[PDB]
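Just below is one structure, and these are the notes that go with it.
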Amino acid sequence: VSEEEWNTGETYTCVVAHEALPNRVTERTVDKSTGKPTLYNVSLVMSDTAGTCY
Amino acid sequence: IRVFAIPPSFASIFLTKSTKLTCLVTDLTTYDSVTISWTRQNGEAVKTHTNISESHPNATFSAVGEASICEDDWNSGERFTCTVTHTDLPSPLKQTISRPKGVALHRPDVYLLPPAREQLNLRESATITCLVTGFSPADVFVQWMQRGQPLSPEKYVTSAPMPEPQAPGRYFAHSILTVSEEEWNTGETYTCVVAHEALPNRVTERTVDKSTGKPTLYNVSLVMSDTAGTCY
Amino acid sequence: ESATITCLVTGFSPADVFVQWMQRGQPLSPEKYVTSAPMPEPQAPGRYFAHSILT
Amino acid sequence: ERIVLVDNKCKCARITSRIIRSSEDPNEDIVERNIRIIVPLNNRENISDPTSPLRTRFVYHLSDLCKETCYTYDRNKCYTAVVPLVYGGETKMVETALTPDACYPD
Amino acid sequence: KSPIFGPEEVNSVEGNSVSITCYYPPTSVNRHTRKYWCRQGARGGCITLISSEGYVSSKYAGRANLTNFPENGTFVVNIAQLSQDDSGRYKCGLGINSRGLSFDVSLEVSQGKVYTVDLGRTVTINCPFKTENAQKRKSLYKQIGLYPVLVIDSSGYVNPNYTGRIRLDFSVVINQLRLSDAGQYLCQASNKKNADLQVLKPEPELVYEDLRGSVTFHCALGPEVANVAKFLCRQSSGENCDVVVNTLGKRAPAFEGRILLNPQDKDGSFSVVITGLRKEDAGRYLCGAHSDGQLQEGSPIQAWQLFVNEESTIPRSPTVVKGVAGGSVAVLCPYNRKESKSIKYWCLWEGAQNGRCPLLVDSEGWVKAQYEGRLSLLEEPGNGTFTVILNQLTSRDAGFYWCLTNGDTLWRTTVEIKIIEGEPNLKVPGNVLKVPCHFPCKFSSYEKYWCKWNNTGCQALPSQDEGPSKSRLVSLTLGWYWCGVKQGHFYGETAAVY
Ligand SMILES: *[C@@H]1O[C@H](CO)[C@@H](O[C@@H]2O[C@H](CO)[C@@H](O)[C@H](O)[C@H]2NC(C)=O)[C@H](O)[C@H]1NC(C)=O
Ligand SMILES: *[C@@H]1O[C@H](CO)[C@@H](O)[C@H](O)[C@H]1NC(C)=O
Ligand SMILES: *[C@@H]1O[C@H](CO)[C@@H](O)[C@H](O)[C@H]1NC(C)=O
Ligand SMILES: *[C@@H]1O[C@H](CO)[C@@H](O)[C@H](O)[C@H]1NC(C)=O
């Protein structure tokens, strides 16, 4: 594909077709949005009276 | 020679499906010829009773005049009246009983307070106070349980619903249980169950032990793992 | 919304305790707290308690 | 702008992600992993049996919640237990409501 | 995002009262959970001024009440006796104060001839005079820049800022008031008088709708703007309105198949249906009446405000049904499970400027004559759905197909038929006592059956089964009739014969 596609993505599914499958389809996809993060941020908050998970 | 009239609580309606109503006659002289007839607003009679009790060792007679009605009759605010016909009182008195219509339902907020750390220093006793705030109408039914087993009624004292200070038409209640300080510094989850006619399944319950409620030590130990992962 | 602080006057005898509440030195209104009448304590012998909430 | 990868509500994890369109240099764009755990700290181990010990370990394998023992109540799902309350003779085991305002039947 | 939705901006003068509604997704938690209205102060947090359990604060005591309509799906806060300490930043919400589930109202109180008009209308600026000047050069000037600039003179001058749109009664009538012209004027004959003209911007009319639901904009306008070419813009992030319908033709590349501009009434109260609302429709919409179908000044607009909540109870039916030519489609339209006993209908698609949706079938029975033989509305499965089967396809009967119902609250589900090229999945004689029907081996679990088609649907007709047949083959031992399949409770591929 064009390198210029990889600011906009378009998500690029690649579907295989084999005989040991239910659908005979094991479609997968990877875009720029998938793949490695290079900036985490855990943000875990703690609170006596939580426990409802809105 | 007094008289008491006992309308059914909601936690006798809901909990035994037996909306029977009584009026007890005590303080009277130990005489006989008791007739305690339950009559509606139209004067008409209802079913009779049994098990009219004994006098006291203390020589003041105690009797109990029972009837059974249906639930839909009781909720419609009908006037019921027991008439006591004794040889002492020359007027056969009426005690009037009605479930007063027009009151809203509100839900009790049950907060359960653990014993003060000024009290767990004497090593004698600890007092846990269930606090049933803000409900309506009266008649909450607090009872306690220790480790899934119902505690004996000699140990807790539930108060009566006195109306709340700021809130206009909403009551509140209390219940204190005295557990010995060795039985609290072991663990020993206690639960406070309340039953009231505006709660969801009619019943709710709270719990506390040494380690949950007002602790002096918060020991979190969290672990995240595989934080990269392959997440879709 | 609102906090209910509770004073648990336990263990005494005879009746007629009198609980009142002060903030910083000058006493509060009696419209805000609710003292129960004394009730007898069941585990201990004939010694009462009471309680009084302030909201 | 961001896409929710996981919104798990019985551990309360909430992994999302977002591509940061940077200063307009080449493709030095970054991708994030904004985990947001919220730790209960007064819920029991068995969430439904409230006579259990408290909790110490809160373990979040974030593969095994990207694809149980829940830590928090979910808000919409409603929880119960059954207690032996008495009133007189019988021990009528009736059905309580751990979290109320969710177990109201229609 | 948090699905409560209130009024984003509230304006009311001191002493007057406020009613603030906030909506919630009517679950069984949200009906019964605590509903607050807290004041987001500075330095921190909500301070609950009036909860719904029954707390009412020290400040709002005697002047506020919060009620809760759980079936309407909303809760309303009435606040009387405003002051200027009632200005600032508020939240209406549910549950605990901290955990979101809220909306942010910004309360903003204001201090107390005269005129107050909405946009584009008329107004009659009236001014008294004396008898000694009963022929003089009467005039109206505008106070900008500490000097009356000329607007209306007697001899026939009107301003370039006010060209032509105003005549002179004494008094003076202006027409097509635009918001820039909301000025505090003055009138002169040697006497004078002031003149004051506020022109309000027409307020939102909050519409909390659902994801994959539908919405009906009820545009009601006046006998001055009956024949003006009505429209519906959508005021986006700048000042421009990317128009969505028109009456002179236009529509959007986005809203294909979905906008239905209904015909005018005698009152000019045309209505607009949007369906299949997705998350990017959630903003201000504006019906209006200007000539050239774009948003211009002088146009009696009347806005709305959508909100498309994401916490739907609406189920996710497939939007694209793909049928092969001369094949079969079998679509399910979902409908409100409370509203089971009602008269279903179906539809075509015919543009927006037309904005039509004529009825193909129903549940009482009446089918269009040009669809007879190939069409049947079903009822199985019940408990939530109703199925429609259409076969004997065609290149031009692909389109957008609306699943109406005669219920109260309506989800006009639109399903899209894609007529691809293809071969039939079922083989039947051309146009025909025994008739055969030849089923592929994929329908092995499916129950093979024939129908007698009418306006009443399918009634059963017996047959006997064979073994392996080049798959499956069934007989019709013995108008239009079909030989479809059935999978437990749903329906699949049917093919018709004469
Ligand atoms: C403790 O957790 C167990 C499983 O970890 C729960 O399991 C059973 O839960 C169902 C659902 O209410 C009950 O009908 C069963 O009777 C439970 N099993 C047993 C042996 O009690 C259980 O709910 C939790 N404990 C309690 C006492 O509720
Ligand atoms: C996580 O990182 C992003 C980008 O660096 C940032 O915008 C966001 O605020 C961070 N998360 C929290 C909880 O602050
Ligand atoms: C405090 O945390 C540490 C770290 O996990 C632990 O080893 C220690 O025992 C804890 N102490 C208490 C008093 O909980
Ligand atoms: C605190 O938690 C850790 C981990 O469970 C435990 O090992 C430690 O003993 C705890 N502290 C106390 C005082 O129990």
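Chains as they are written, first to last, in PDB author numbering: chain L, 523 to 576; chain A, 345 to 576; chain B, 468 to 522; chain J, 3 to 69, 98 to 136; chain P, 1 to 112, 120 to 176, 185 to 204, 210 to 452, 460 to 497, 506 to 513, 522 to 541.
C-beta atoms are modelled at their ideal positions from N, C-alpha and C, and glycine is treated no differently.
Secondary structure of residue i, DSSP reduced to three states
| i | result |
| --- | --- |
| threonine 560/A | coil |
| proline 167/P | helix |
| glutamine 191/P | coil |
| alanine 246/P | coil |
| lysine 438/P | strand |
| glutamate 223/P | coil |
| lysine 212/P | strand |
| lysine 529/P | strand |
| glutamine 390/P | helix |
| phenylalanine 358/A | helix |
| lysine 364/A | strand |
| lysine 358/P | coil |
| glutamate 410/A | strand |
| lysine 1/P | coil |
| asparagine 36/J | coil |
| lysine 342/P | strand |
| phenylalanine 485/A | coil |
6 Å CB neighbourhood of residue i in its chain, flanking five on each side removed
| i | result |
| --- | --- |
| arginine 507/P | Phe466 |
| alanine 407/A | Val369, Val378, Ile396, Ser397 |
| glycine 6/P | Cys22, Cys92, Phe103, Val105 |
| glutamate 108/P | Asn11, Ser87 |
| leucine 306/P | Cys253, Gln255, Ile321, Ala323 |
| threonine 522/A | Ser469, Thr471 |
| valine 112/J | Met123, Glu125 |
| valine 41/J | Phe60 |
| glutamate 474/P | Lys529 |
For residue i: DSSP bridge partner residues
| i | result |
| --- | --- |
| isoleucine 294/P | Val235/P |
| residue 113/P | The model contains no atoms for residue 113/P, which sits in the stretch where chain P goes from 112 to 120 directly. |
| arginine 89/P | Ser106/P |
| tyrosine 62/J | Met568/A |
| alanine 389/A | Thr383/A |
| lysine 438/A | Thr427/A |
| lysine 122/J | Paired residue(s): none; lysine 122/J is not in a bridge. |
| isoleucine 17/J | Paired residues: none, contrary to the question. |
| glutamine 203/P | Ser146/P, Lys212/P |
| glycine 308/P | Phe251/P |
| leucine 66/P | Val77/P |
| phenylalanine 275/P | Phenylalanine 275/P is not bridged to any residue. |
| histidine 465/P | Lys447/P, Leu508/P |
| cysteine 46/P | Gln40/P |
| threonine 33/P | The partner list for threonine 33/P (beta bridge, DSSP) is empty, contrary to what the question assumes. |
| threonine 433/P | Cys423/P |
Own chain residues within Cβ distance below 8 Å of residue i, not counting five before or after
| i | result |
| --- | --- |
| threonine 551/A | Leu456, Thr533, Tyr534, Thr535, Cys536 |
| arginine 514/A | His450, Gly478, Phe479, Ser480, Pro507, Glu508 |
| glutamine 373/P | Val265, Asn266, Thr267, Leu268, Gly269, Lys270, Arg271, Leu281 |
| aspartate 216/P | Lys120, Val121, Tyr122, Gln199, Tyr200 |
Cβ shell of residue i (< 7 Å), same chain only, five flanking positions each side left out
| i | result |
| --- | --- |
| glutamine 490/A | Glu532, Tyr534 |
| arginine 23/J | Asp31 |
| residue 290/A | Here chain A comprises residues numbered 345 to 576, so residue 290/A is not present and cannot be evaluated. |
| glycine 421/A | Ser442, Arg443, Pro444, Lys445 |
| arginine 4/J | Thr18, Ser19, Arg20 |
Next item on the list: Could you please go through the chain and list the residues whose beta-carbon is closer than 6 Å to any non-hydrogen atom of ligand 1?
Entry: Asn48/J, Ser50/J, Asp51/J, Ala111/J
Check: Around ligand 3, what residues have a beta-carbon under 7 Å from a heavy atom of it, in chain order?
Finding: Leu561/A, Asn563/A, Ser565/A
Next item on the list: Mind listing, in chain order, the continuous beta strand (DSSP E) runs of no fewer than 3 residues lying wholly within the segment 372–425 of chain P?
Entry: 379–382, 395–397, 405–411, 419–423
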